[PDB]
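First to last, the protein sequences are chains A and B.
FYI, in full-length UniProt numbering the residues of the first sequence are 3264 to 3567.
FYI, in full-length UniProt numbering the residues of the second sequence are 3264 to 3567.
Number of protein chains: 2
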Amino acid sequence: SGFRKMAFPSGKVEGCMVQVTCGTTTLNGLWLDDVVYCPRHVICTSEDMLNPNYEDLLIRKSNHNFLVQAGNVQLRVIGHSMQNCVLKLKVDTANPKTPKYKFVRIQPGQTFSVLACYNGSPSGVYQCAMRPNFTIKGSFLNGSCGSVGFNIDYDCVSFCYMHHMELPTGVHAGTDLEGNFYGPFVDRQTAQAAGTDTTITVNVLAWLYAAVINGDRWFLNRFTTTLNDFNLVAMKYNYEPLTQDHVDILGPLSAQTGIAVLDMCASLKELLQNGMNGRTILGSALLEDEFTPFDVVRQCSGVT
Amino acid sequence: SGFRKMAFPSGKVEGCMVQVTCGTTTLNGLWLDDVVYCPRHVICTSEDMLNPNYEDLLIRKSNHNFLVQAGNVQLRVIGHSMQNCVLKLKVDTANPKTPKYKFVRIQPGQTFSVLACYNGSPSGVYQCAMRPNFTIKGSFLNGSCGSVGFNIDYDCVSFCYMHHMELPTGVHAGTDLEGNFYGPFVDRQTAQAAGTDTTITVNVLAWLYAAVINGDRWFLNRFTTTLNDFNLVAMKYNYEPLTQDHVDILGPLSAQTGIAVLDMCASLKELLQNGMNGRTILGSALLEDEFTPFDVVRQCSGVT
Ligand SMILES: c1cnc(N2CC[C@]3(CCOC3)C2)cn1
Ligand SMILES: c1cnc(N2CC[C@]3(CCOC3)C2)cn1
């Protein structure tokens, strides 16, 4: 019993982190096979970041200008290319610790683990969600760029995020490993405001199932609702609309607990309208939305 | 910027997890050098756990009755001994992935990372604190026993916890790696009620410093207090008494922020008396107490 914000074990990703330096800029790279992936802004001065022309800045860079260090050993860069907002540095040595991997582009509301790194060295691991406004609420200091987000399916690491930027509001933006930003963000130090950070309703409902499984039951009420009625309340409270697809995804938790999804929606509706009244659910005083239905099943079943 | 509940990178500990089976009981072991450490209750049936005589049950066990599997390779057990509530299984092979390590017994209020494991396989990593009543609020299913808690100082893993038990109230109890339980708990399926789960005041104050560093400032008020005045309020709210030693430990965060420790205590006093009024601090609607002053400095400074 018990329910924790849990990250994937990080060792398979630790084995891929390297340091990338270009001139005076140092950040992190991801070494998979004989390619190191890193933010293309490694080539920028902080001056450059105000209005960078990446193709033009990259013309002035040679393979030997990209210093890649794996632990305290230098890797030889034999090619480089820009793909969207990432650089791919071809090295002469395959990472011997390369895990089974995929590159995936996740949808808003999907969770992942971040291995926060500085100078190619892991500092910590935490669980994130892709917010509905395509930001993440991370913990990233200067030097953390190139830190990655991932999920694991048994022995296969699906890399879904690489850290690039902090918005002036202190939320985070980055790319998939093909270098495409999540959301409308760009790798430029300019006015970039995030949209509404709506609550991921299907994830809240998953977590309320997790709470029931773990004996936190006080919020279960005598009511049901419909998707349309629930969605009127969701809209009012800046929750994501619940779709039939979300109801289908919660089916296994409904089955396990015997609480119909729409009954749990009616419990959530009352929580939104009534608040917590100073009570807690799974040690939280707010409704937690960074567990997906799959996360709840995984943690409640002991998947390795 | 941003502040996350962050675990240590788990790879060094992943490299030490093994499966231990004795008869029909399977749980996790920690393989360091040529010793595997595991809960002594691996020798119990669930029947045995009601009133086990561990010395008597262990007489019926031989080295060959302890099946130790590291990945999908069997380790040869060449000796066993009981130390307090742990077994030490001597194997014929030093773990080649043994990190630099220490065994430490932590104090209540100290935080650590848990690598939750089943059948010797890592499932996830999360951050815990030793509660003032010597329980932890973990996420542990049947099979997670022998999962460990640790801190890392650069390349040295300090193991501080091994999981043994879930109390009937669904909180967790375990031992240090010398097999001594934290608190008054025993490895028997009996009436074991936890004492008051008081809030770790020095950790709350650390987190309020973290909040200020990260721009969450609304709760800063115009007041100061004294330790004795603060402690009258702490006692009323089931907070740990603040000592001069705690004030000294918060000195670096006071310095960094320019907020005197007793001024932050007066801000905390007002939060306790007034509540949050529906506001949040670092995305929390309650006062978080599972960051130590050292954790706040570490995460705010990017230590690897
Ligand atoms: C030395 C150290 N680690 C090596 N690995 C091979 C691939 C992994 C990651 C996925 O499984 C194991 C790591 C190889 N040689
Ligand atoms: C193969 C794979 N891993 C090995 N390791 C030696 C000790 C560590 C843990 C601490 O640093 C590295 C792991 C050795 N051989």
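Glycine is no exception: its CB is placed at the ideal position from the N, C-alpha and C atoms.
query: Quick one: complete beta strand (DSSP E) runs, 3+ long, within the region 3359-3404 of chain B?; result: 3363-3366, 3374-3381 and 3384-3392
query: Comparing the CB of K3499/A with every heavy atom of ligand 2, is any distance shorter than 7 Å?; result: no
query: If you compare alpha carbons, which of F3493/B, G3442/B and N3443/B is closest to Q3536/B?; result: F3493/B
query: Taking the continuous alpha helix (DSSP H) assigned at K3499/B, which residues delimit it?; result: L3490 to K3499
query: What does the alpha-carbon distance come out to for the pair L3490/B and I3512/B?; result: 14 Å
query: Given that a residue counts as buried once 16 or more other Cβ atoms are within 10 Å of its Cβ, and exposed if not, what is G3565/B?; result: buried
query: Along the chain, where does the beta strand (DSSP E) containing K3268/A start, and where does it finish?; result: Counting along the chain, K3268/A falls outside any beta strand (DSSP E), and DSSP gives it neither H nor E.
query: Leaving aside the five residues before and after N3443/B along the sequence, list all residues of the same chain whose C-beta is less than 8 Å from its C-beta, in chain order.; result: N3347, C3348 and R3368
query: Shortest alpha-carbon distance to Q3390/A belongs to which of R3485/A, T3567/A and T3555/A?; result: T3555/A
query: What does the Cβ neighbour count give for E3277/B, buried or exposed, with the cut at 16 atoms within 10 Å?; result: buried
query: Tell me, please, whether the CB atom of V3411/B is closer than 8 Å to any CB atom in chain A?; result: no
query: Exposed or buried, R3303/B, counting other C-beta atoms within 10 Å across all chains shown (16 or more means buried)?; result: buried
query: Flag this pair as yes or no: are the beta carbons of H3435/B and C3408/B separated by less than 8 Å?; result: no
query: Excluding the 5 residues preceding and the 5 following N3326/B in the sequence, name in chain order all residues of the same chain whose CB lies nearer than 7 Å to its CB.; result: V3340, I3341, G3342 and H3343
query: Classify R3485/A as buried or exposed, calling it buried when 16 or more other Cβ atoms lie within 10 Å of its own Cβ.; result: exposed
query: Can you say whether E3503/A is buried or exposed, counting buried as having 16 or more other CB atoms within 10 angstroms of its CB?; result: buried
query: Report all residues from its chain with a CB closer than 8 Å to the CB of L3531/B; omit the five preceding and five following residues, and keep chain order.; result: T3464, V3467, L3468, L3471, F3493 and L3550
query: To which residues of the same chain is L3534/A closer than 7 Å at the C-beta, ignoring the five residues directly before and after it?; result: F3482 and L3550
query: Take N3382/B and list the residues in its own chain whose beta-carbon comes closer than 7 Å to its own, dropping the five residues that flank it on each side.; result: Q3282, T3289 and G3406
query: Taking DSSP as the reference, what is the three-state secondary structure of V3465/A?; result: helix
query: Taking the DSSP output, what are the residues bridged to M3345/B?; result: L3350/B
query: Identify, in the order they occur along the chain, each residue of the same chain with its Cβ nearer than 6 Å to the Cβ of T3462/A, setting aside the five sequence neighbours on each side.; result: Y3502 and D3552
query: Just to confirm before moving on: does the CB-CB distance between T3487/A and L3525/A stay below 8 Å?; result: yes
query: If the cut-off is 8 Å on Cβ atoms, which residues from the region 3431-3444 of chain B count as contacting chain A, listed in chain order?; result: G3433, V3434 and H3435
query: Output, in chain order, the set of chain A residues within a Cβ distance shorter than 8 Å of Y3389/B.; result: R3267, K3268, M3269 and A3270
query: Shorter than 7 Å, the distance from the beta carbon of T3555/A to the closest heavy atom of ligand 1, or not?; result: no
query: What span of residues does the alpha helix (DSSP H) with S3517/A cover, start to end?; result: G3514 to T3520
query: Using a Cβ-Cβ cutoff of 9 Å, what residues of the region 3367-3395 of chain B are near chain A? List them in chain order.; result: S3376, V3377, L3378, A3379, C3380, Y3381, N3382, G3383, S3384, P3385, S3386, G3387, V3388, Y3389, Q3390 and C3391
query: Nearest chain B C-beta to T3287/A closer than 8 Å, yes or no?; result: no
query: The beta strand (DSSP E) that contains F3554/B, what's its start and end?; result: Looking at the DSSP string, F3554/B is not in any beta strand (DSSP E), and its letter there is neither H nor E.
query: Tell me which residues share the same chain as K3363/B and place their Cβ nearer than 8 Å to its Cβ, disregarding the 5 neighbours each side in the sequence.; result: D3418, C3419 and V3420
query: If you compare alpha carbons, which of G3433/A, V3510/A, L3330/A and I3306/A is closest to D3319/A?; result: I3306/A
query: Report the CB separation of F3397/A from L3293/A in whole angstroms; it is logged as a contact under 8 Å.; result: Rounded, the Cβ-Cβ distance is 21 Å, inconsistent with contact.
query: Can you tell which of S3402/B, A3473/B and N3316/B has the C-alpha that lies nearest to the C-alpha of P3515/B?; result: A3473/B
query: Going by beta-carbon coordinates alone, are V3377/A and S3410/A separated by less than 8 Å?; result: yes
query: According to DSSP, is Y3472/B helix, strand or coil?; result: helix
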